[PDB]
>>> print(open('model.txt').read())   # compact mmCIF, C-alpha atoms and all ligand atoms
# COMPACT_ATOMS: atom_id res chain seq x y z
CA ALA N 11 86.39 139.75 111.57
CA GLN N 12 85.63 136.03 111.46
CA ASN N 13 85.84 133.93 114.69
CA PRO N 14 86.62 136.91 116.98
CA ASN N 15 86.46 134.78 120.19
CA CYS N 16 89.19 132.46 118.67
CA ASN N 17 87.21 129.27 119.15
CA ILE N 18 88.48 125.97 117.79
CA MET N 19 86.56 125.22 114.61
CA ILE N 20 85.65 121.81 113.23
CA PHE N 21 85.39 121.21 109.49
CA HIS N 22 83.64 118.47 107.48
CA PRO N 23 84.92 118.77 103.85
CA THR N 24 83.16 116.86 101.13
CA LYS N 25 85.18 114.47 98.93
CA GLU N 26 85.34 117.18 96.28
CA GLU N 27 86.59 119.75 98.77
CA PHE N 28 89.24 117.23 99.95
CA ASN N 29 91.06 117.29 96.65
CA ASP N 30 92.95 120.53 96.87
CA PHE N 31 94.81 120.80 100.21
CA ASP N 32 96.09 124.38 99.84
CA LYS N 33 92.68 125.65 98.74
CA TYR N 34 90.96 124.05 101.80
CA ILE N 35 93.50 125.55 104.26
CA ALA N 36 92.86 128.95 102.71
CA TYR N 37 89.08 128.32 103.03
CA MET N 38 89.40 127.48 106.73
CA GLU N 39 91.34 130.70 107.26
CA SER N 40 88.62 132.68 105.36
CA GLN N 41 86.29 131.50 108.11
CA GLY N 42 88.67 132.56 110.91
CA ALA N 43 89.97 129.11 111.90
CA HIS N 44 93.53 130.31 112.44
CA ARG N 45 92.51 132.69 115.15
CA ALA N 46 92.18 129.70 117.55
CA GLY N 47 95.65 128.35 116.76
CA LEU N 48 94.15 124.88 116.08
CA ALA N 49 91.38 123.35 113.90
CA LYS N 50 89.91 119.89 113.53
CA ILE N 51 89.21 118.37 110.07
CA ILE N 52 86.94 115.28 109.85
CA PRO N 53 87.65 113.56 106.46
CA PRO N 54 84.72 112.65 104.18
CA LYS N 55 83.26 109.24 104.79
CA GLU N 56 84.59 107.98 101.39
CA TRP N 57 88.23 108.58 102.43
CA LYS N 58 90.73 106.31 104.09
CA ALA N 59 94.43 106.70 104.94
CA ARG N 60 95.25 103.06 104.20
CA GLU N 61 93.36 99.70 104.05
CA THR N 62 94.29 98.27 107.51
CA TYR N 63 96.67 98.73 110.46
CA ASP N 64 97.11 94.96 110.90
CA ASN N 65 100.70 94.84 109.65
CA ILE N 66 102.52 97.65 111.63
CA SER N 67 103.97 95.67 114.53
CA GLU N 68 107.39 95.32 113.09
CA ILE N 69 108.11 99.05 112.80
CA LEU N 70 111.08 99.85 115.12
CA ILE N 71 111.09 102.51 117.77
CA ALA N 72 114.91 102.89 117.91
CA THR N 73 114.94 105.28 120.89
CA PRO N 74 111.81 105.19 123.07
CA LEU N 75 111.73 108.13 125.48
CA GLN N 76 110.69 107.87 129.18
CA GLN N 77 109.14 111.20 130.15
CA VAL N 78 110.23 111.97 133.72
CA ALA N 79 108.53 114.97 135.40
CA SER N 80 109.76 117.47 138.05
CA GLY N 81 107.71 120.18 139.78
CA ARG N 82 104.12 120.33 140.96
CA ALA N 83 101.04 118.76 139.41
CA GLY N 84 100.00 121.82 137.43
CA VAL N 85 103.43 123.34 136.72
CA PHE N 86 106.19 120.88 135.78
CA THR N 87 108.97 120.12 133.35
CA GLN N 88 109.79 116.77 131.77
CA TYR N 89 113.06 115.31 130.57
CA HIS N 90 113.41 112.47 128.16
CA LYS N 91 115.38 109.43 129.27
CA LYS N 92 116.43 107.22 126.38
CA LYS N 93 115.42 103.52 126.57
CA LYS N 94 116.41 100.45 124.62
CA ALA N 95 114.86 99.90 121.16
CA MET N 96 111.64 98.08 120.77
CA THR N 97 109.17 97.20 118.05
CA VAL N 98 105.68 98.71 117.75
CA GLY N 99 104.27 95.30 118.82
CA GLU N 100 106.50 95.28 121.92
CA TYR N 101 105.54 98.93 122.72
CA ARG N 102 101.79 98.18 122.31
CA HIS N 103 102.09 95.33 124.82
CA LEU N 104 103.94 97.65 127.20
CA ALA N 105 101.32 100.41 126.86
CA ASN N 106 98.56 97.81 127.70
CA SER N 107 100.41 96.47 130.77
CA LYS N 108 99.06 97.07 134.25
CA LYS N 109 101.89 99.58 134.97
CA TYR N 110 101.05 101.80 131.95
CA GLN N 111 97.47 101.20 130.86
CA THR N 112 94.72 103.82 130.94
CA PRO N 113 92.75 103.63 134.25
CA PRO N 114 89.08 103.13 134.42
CA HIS N 115 87.23 106.37 133.75
CA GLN N 116 83.75 107.80 133.04
CA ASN N 117 84.36 110.04 130.11
CA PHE N 118 87.05 112.28 128.55
CA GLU N 119 86.58 114.94 131.26
CA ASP N 120 87.13 112.44 134.07
CA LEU N 121 90.28 111.17 132.32
CA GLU N 122 91.52 114.81 131.89
CA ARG N 123 91.06 115.35 135.69
CA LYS N 124 93.02 112.18 136.37
CA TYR N 125 95.82 113.26 133.96
CA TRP N 126 96.33 116.61 135.65
CA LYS N 127 96.07 115.20 139.15
CA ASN N 128 98.44 112.28 138.66
CA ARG N 129 100.72 112.76 135.62
CA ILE N 130 103.80 113.80 137.56
CA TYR N 131 103.83 110.59 139.61
CA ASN N 132 104.38 108.38 136.61
CA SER N 133 106.98 108.21 133.77
CA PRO N 134 105.24 107.04 130.53
CA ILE N 135 107.30 105.95 127.49
CA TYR N 136 106.74 107.78 124.11
CA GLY N 137 107.92 106.69 120.61
CA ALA N 138 108.39 110.07 119.09
CA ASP N 139 109.75 111.68 116.11
CA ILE N 140 110.21 108.51 113.99
CA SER N 141 110.77 109.41 110.29
CA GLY N 142 108.23 107.58 108.13
CA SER N 143 104.59 107.37 106.95
CA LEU N 144 101.54 105.12 107.27
CA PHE N 145 99.62 106.66 104.35
CA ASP N 146 99.16 104.29 101.44
CA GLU N 147 100.91 105.58 98.32
CA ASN N 148 97.63 105.37 96.50
CA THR N 149 95.86 107.75 98.90
CA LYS N 150 95.81 110.96 96.88
CA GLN N 151 93.96 113.29 99.25
CA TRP N 152 95.57 114.66 102.47
CA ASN N 153 98.46 112.28 102.25
CA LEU N 154 101.00 113.83 104.67
CA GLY N 155 103.94 112.38 102.69
CA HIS N 156 102.80 114.09 99.43
CA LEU N 157 102.36 117.68 100.48
CA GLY N 158 104.06 120.63 98.80
CA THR N 159 107.38 121.22 100.55
CA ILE N 160 108.23 124.26 102.68
CA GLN N 161 111.37 124.77 100.53
CA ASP N 162 109.23 124.97 97.43
CA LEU N 163 106.84 127.41 99.14
CA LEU N 164 109.71 129.70 100.16
CA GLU N 165 110.98 129.52 96.61
CA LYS N 166 107.56 130.26 95.10
CA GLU N 167 106.99 133.27 97.43
CA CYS N 168 110.44 134.78 97.63
CA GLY N 169 112.30 133.45 94.55
CA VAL N 170 115.24 131.92 96.42
CA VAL N 171 116.03 128.21 95.88
CA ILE N 172 117.25 126.47 99.03
CA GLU N 173 118.54 123.07 100.17
CA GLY N 174 116.49 120.88 102.54
CA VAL N 175 113.75 118.37 102.69
CA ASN N 176 110.41 118.05 104.56
CA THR N 177 109.22 114.51 105.58
CA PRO N 178 106.63 113.18 108.04
CA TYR N 179 107.11 111.76 111.49
CA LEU N 180 105.32 108.96 113.41
CA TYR N 181 104.43 109.08 117.10
CA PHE N 182 103.50 106.03 119.11
CA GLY N 183 101.88 107.05 122.47
CA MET N 184 100.53 105.60 125.64
CA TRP N 185 98.48 106.87 128.59
CA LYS N 186 99.97 110.07 130.02
CA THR N 187 102.52 110.60 127.20
CA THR N 188 102.83 114.37 126.99
CA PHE N 189 103.60 117.09 124.48
CA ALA N 190 104.94 120.21 126.13
CA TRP N 191 103.87 123.79 125.38
CA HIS N 192 105.44 124.91 122.06
CA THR N 193 104.98 126.50 118.70
CA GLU N 194 106.43 124.82 115.59
CA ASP N 195 109.99 125.35 114.34
CA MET N 196 110.07 128.80 112.64
CA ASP N 197 106.39 129.20 113.72
CA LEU N 198 105.31 126.86 110.83
CA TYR N 199 101.96 125.15 110.52
CA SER N 200 101.62 121.55 111.52
CA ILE N 201 99.15 118.84 110.50
CA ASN N 202 98.60 115.72 112.60
CA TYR N 203 96.58 112.64 111.66
CA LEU N 204 95.60 110.21 114.39
CA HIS N 205 95.90 106.83 112.52
CA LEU N 206 94.71 104.49 115.25
CA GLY N 207 94.04 103.88 118.88
CA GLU N 208 93.08 106.08 121.79
CA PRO N 209 92.46 109.84 121.69
CA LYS N 210 94.82 112.81 122.07
CA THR N 211 93.67 115.89 124.08
CA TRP N 212 95.02 119.27 122.92
CA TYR N 213 95.26 122.68 124.53
CA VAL N 214 95.99 125.81 122.45
CA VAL N 215 96.55 129.55 122.91
CA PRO N 216 95.31 131.90 120.11
CA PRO N 217 98.29 133.28 118.14
CA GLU N 218 97.30 136.84 118.94
CA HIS N 219 97.79 135.99 122.64
CA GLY N 220 100.93 133.94 122.49
CA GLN N 221 103.06 136.53 124.26
CA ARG N 222 100.73 136.19 127.33
CA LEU N 223 101.63 132.57 127.58
CA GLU N 224 105.34 133.39 127.21
CA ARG N 225 105.20 135.95 130.02
CA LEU N 226 103.50 133.45 132.34
CA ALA N 227 106.05 130.81 131.45
CA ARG N 228 108.94 133.18 132.33
CA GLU N 229 107.28 133.72 135.74
CA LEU N 230 106.67 129.99 136.37
CA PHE N 231 110.03 128.74 135.14
CA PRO N 232 112.36 131.51 136.27
CA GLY N 233 115.72 129.60 136.05
CA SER N 234 114.90 128.34 132.56
CA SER N 235 113.97 131.86 131.47
CA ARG N 236 117.34 133.25 132.62
CA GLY N 237 119.06 130.45 130.70
CA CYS N 238 117.38 131.17 127.37
CA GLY N 239 115.22 133.98 125.98
CA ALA N 240 113.15 131.36 124.02
CA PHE N 241 113.13 128.40 126.36
CA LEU N 242 109.73 127.09 125.26
CA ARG N 243 111.65 126.00 122.13
CA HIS N 244 113.13 123.31 124.38
CA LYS N 245 109.75 121.66 124.52
CA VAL N 246 109.88 120.64 128.21
CA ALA N 247 107.40 122.86 130.11
CA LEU N 248 103.84 122.01 131.15
CA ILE N 249 101.17 124.30 132.61
CA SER N 250 97.70 122.97 133.44
CA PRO N 251 94.37 124.43 132.36
CA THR N 252 93.62 125.28 135.98
CA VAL N 253 96.83 127.31 136.24
CA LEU N 254 96.19 129.00 132.91
CA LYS N 255 92.65 130.02 134.10
CA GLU N 256 94.03 131.32 137.41
CA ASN N 257 96.42 133.58 135.47
CA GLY N 258 93.89 134.77 132.89
CA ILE N 259 95.57 133.19 129.88
CA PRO N 260 93.21 132.71 126.94
CA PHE N 261 93.11 129.09 125.68
CA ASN N 262 90.89 126.34 124.33
CA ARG N 263 90.85 122.57 124.44
CA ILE N 264 89.64 119.73 122.23
CA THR N 265 90.00 115.94 122.00
CA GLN N 266 91.14 114.35 118.67
CA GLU N 267 89.99 110.82 117.91
CA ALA N 268 91.26 108.21 115.51
CA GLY N 269 90.56 109.14 111.91
CA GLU N 270 90.68 112.89 112.51
CA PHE N 271 93.18 115.59 111.40
CA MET N 272 94.32 118.55 113.45
CA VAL N 273 96.00 121.62 112.00
CA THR N 274 98.07 123.98 114.11
CA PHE N 275 98.54 127.50 112.76
CA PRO N 276 101.61 129.78 112.86
CA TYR N 277 102.50 130.91 116.37
CA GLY N 278 99.65 128.80 117.97
CA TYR N 279 101.13 127.47 121.21
CA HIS N 280 99.86 123.95 121.94
CA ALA N 281 100.31 121.12 124.46
CA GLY N 282 98.50 117.87 125.22
CA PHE N 283 98.43 114.23 126.20
CA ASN N 284 97.53 110.79 124.91
CA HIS N 285 94.70 108.74 126.47
CA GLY N 286 96.19 105.31 125.77
CA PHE N 287 98.04 103.38 123.05
CA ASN N 288 97.86 105.32 119.75
CA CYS N 289 99.77 106.18 116.61
CA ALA N 290 99.83 109.65 115.00
CA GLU N 291 101.62 111.07 111.92
CA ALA N 292 102.56 114.75 111.65
CA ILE N 293 104.49 117.13 109.39
CA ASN N 294 105.18 120.84 109.16
CA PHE N 295 103.95 122.91 106.19
CA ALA N 296 103.83 126.49 105.02
CA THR N 297 101.49 128.79 103.08
CA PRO N 298 102.00 132.34 101.84
CA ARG N 299 100.59 133.69 105.11
CA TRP N 300 103.36 131.90 107.08
CA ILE N 301 106.21 133.95 105.61
CA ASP N 302 105.67 136.93 107.90
CA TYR N 303 105.56 134.65 110.93
CA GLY N 304 108.77 132.94 109.89
CA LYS N 305 110.55 136.27 109.67
CA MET N 306 109.51 137.14 113.25
CA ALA N 307 109.93 133.72 114.91
CA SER N 308 111.92 133.58 118.09
CA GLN N 309 114.86 131.50 118.27
CA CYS N 310 116.78 129.44 120.91
CA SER N 311 120.55 130.06 120.54
CA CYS N 312 121.57 128.53 124.01
CA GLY N 313 122.22 125.14 122.49
CA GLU N 314 119.33 123.24 123.97
CA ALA N 315 116.74 123.23 121.16
CA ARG N 316 118.92 121.54 118.43
CA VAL N 317 116.85 121.01 115.25
CA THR N 318 116.77 119.58 111.74
CA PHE N 319 119.10 120.33 108.90
CA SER N 320 116.37 122.13 106.95
CA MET N 321 115.90 124.96 109.54
CA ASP N 322 119.30 126.35 108.58
CA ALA N 323 118.10 127.81 105.31
CA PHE N 324 114.92 129.23 106.82
CA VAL N 325 116.97 131.21 109.40
CA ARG N 326 119.60 132.16 106.85
CA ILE N 327 117.13 133.64 104.34
CA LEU N 328 114.32 134.96 106.59
CA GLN N 329 116.43 136.06 109.59
CA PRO N 330 119.94 136.94 108.34
CA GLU N 331 120.72 139.21 111.34
CA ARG N 332 120.06 136.28 113.75
CA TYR N 333 121.79 133.66 111.65
CA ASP N 334 125.34 133.77 113.03
CA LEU N 335 124.18 133.61 116.68
CA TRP N 336 121.62 130.86 116.00
CA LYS N 337 124.18 128.76 114.10
CA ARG N 338 126.66 129.02 117.05
CA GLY N 339 123.82 127.47 119.13
CA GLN N 340 123.60 124.60 116.64
CA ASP N 341 127.44 123.93 116.85
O1 LIG Q 401 101.24 114.43 118.84
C1 LIG Q 401 102.27 114.91 119.48
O2 LIG Q 401 102.98 114.34 120.41
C2 LIG Q 401 102.77 116.30 119.26
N1 LIG Q 401 102.35 116.83 117.95
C3 LIG Q 401 102.41 118.10 117.62
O3 LIG Q 401 102.90 119.03 118.42
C4 LIG Q 401 101.91 118.54 116.27
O4 LIG Q 401 101.36 117.78 115.48
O5 LIG Q 401 102.21 119.76 116.07
MG MG Q 402 105.44 96.09 110.53
NI NI Q 403 103.42 120.73 117.51
ZN ZN Q 404 117.52 127.68 124.51
>>> encode(input="model.txt", output="structure tokens")
Amino acid sequence: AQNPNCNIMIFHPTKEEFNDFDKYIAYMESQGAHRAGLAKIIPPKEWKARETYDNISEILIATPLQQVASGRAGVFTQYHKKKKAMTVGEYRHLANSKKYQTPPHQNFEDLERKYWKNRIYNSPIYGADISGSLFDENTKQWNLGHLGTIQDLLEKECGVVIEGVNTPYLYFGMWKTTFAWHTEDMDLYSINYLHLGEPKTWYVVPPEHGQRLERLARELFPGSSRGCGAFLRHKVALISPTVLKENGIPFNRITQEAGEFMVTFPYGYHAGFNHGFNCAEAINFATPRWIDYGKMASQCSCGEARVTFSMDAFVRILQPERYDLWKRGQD
């Protein structure tokens, strides 16, 4: 069995290996990369996502989100308070202001200590989930707006044609912006490219151990757990590495820098934080190996998780027994 300790693997494809996306994902899995839940892919030196980032300031962040925390430093939830619209140039200036800017630090480990000690005492503003792409149309390799669609994969594997579309999303971050513990919708893969700016630190639980994280979360968030049998679908709960180690939960961590891709694998729980002003692009995708995870994915039916149009068909075809209850949650 490849990668039996479920370590995060880092890949350096050549330009020839960067041509065929599906084939390279399958290669990484042949080496055991999925067992970690997360992998890093460093593009060949010949590749670029676009020519420059000098002309992005006029992108609009229609609904910036202020991430307000409640709890204790290592075990907290966050809610998202909507703010007035602002441009990417306005948000960059905000991120660099004395109130929001990254503090002085020694190295990534010192900044990680500072994050976990102090996050809850601040409310950083995140531009999340903005439909769009920063890949040039002429970039032919690993262009996250030109991937094979999940609807086409389901149709290729199972024969059923379904409605829905699959497009990328932009994230504009600042120091302390936070992504809560989650797996993807329908336990899909994700791919995330850090276009510019400061790093993103990730934490991940191996898929084979995901239920250990769920059981800890039910213990740590007992009201939320009574409210919903899949409350981590709400994407609001944070647990620190120190707390995870105290409770024996297997996990790993890694820092993504500008110019690097990360892939999350089906049922790989992940969480993390941004170091300073940055911009990332991410999309969900599927492979043949996903189908069995989609059929078994938990679902939120309490009403909180509310998701895209295109998840309807995935539930309807892969989980027909759960469909009626889940759809009530959506309405
Ligand atoms: O970068 C972020 O805020 C969160 N991204 C992801 O969870 C991802 O790419 O799967
Ligand atoms: Mg612009
Ligand atoms: Ni994710
Ligand atoms: Zn719920």
>>> residues_near_ligand(input="model.txt", ligand="ligand ZN 404 (chain Q)", cutoff="8 Å", atoms="all atoms listed in the file", output="list in words")
residues 237, 238, 239, 240, 241, 242, 243, 244, 309, 310, 311, 312, 313, 314 and 315 of chain N
>>> residues_around(input="model.txt", residues="residue N:331", least_positions_apart="6", cutoff="12 Å", atoms="only C-alpha atoms", output="number ranges by chain")
N: 305-306, 309, 325, 337
>>> residues_near_ligand(input="model.txt", ligand="ligand LIG 401 (chain Q)", cutoff="10 Å", atoms="all atoms listed in the file", output="PyMOL selection string")
chain N and resi 48+136-139+179-183+187-195+198-204+210-212+245+271-275+278-284+288-294
>>> closest_residue(input="model.txt", among="N:85, N:98, N:46, N:130", to="residue N:229", atoms="all atoms listed in the file")
N:85
>>> atom_distance(input="model.txt", atom1="atom CA of residue N:327", atom2="atom CA of residue N:340")
16.6 Å
>>> atom_distance(input="model.txt", atom1="atom CA of residue N:131", atom2="atom CA of residue N:81")
10.3 Å
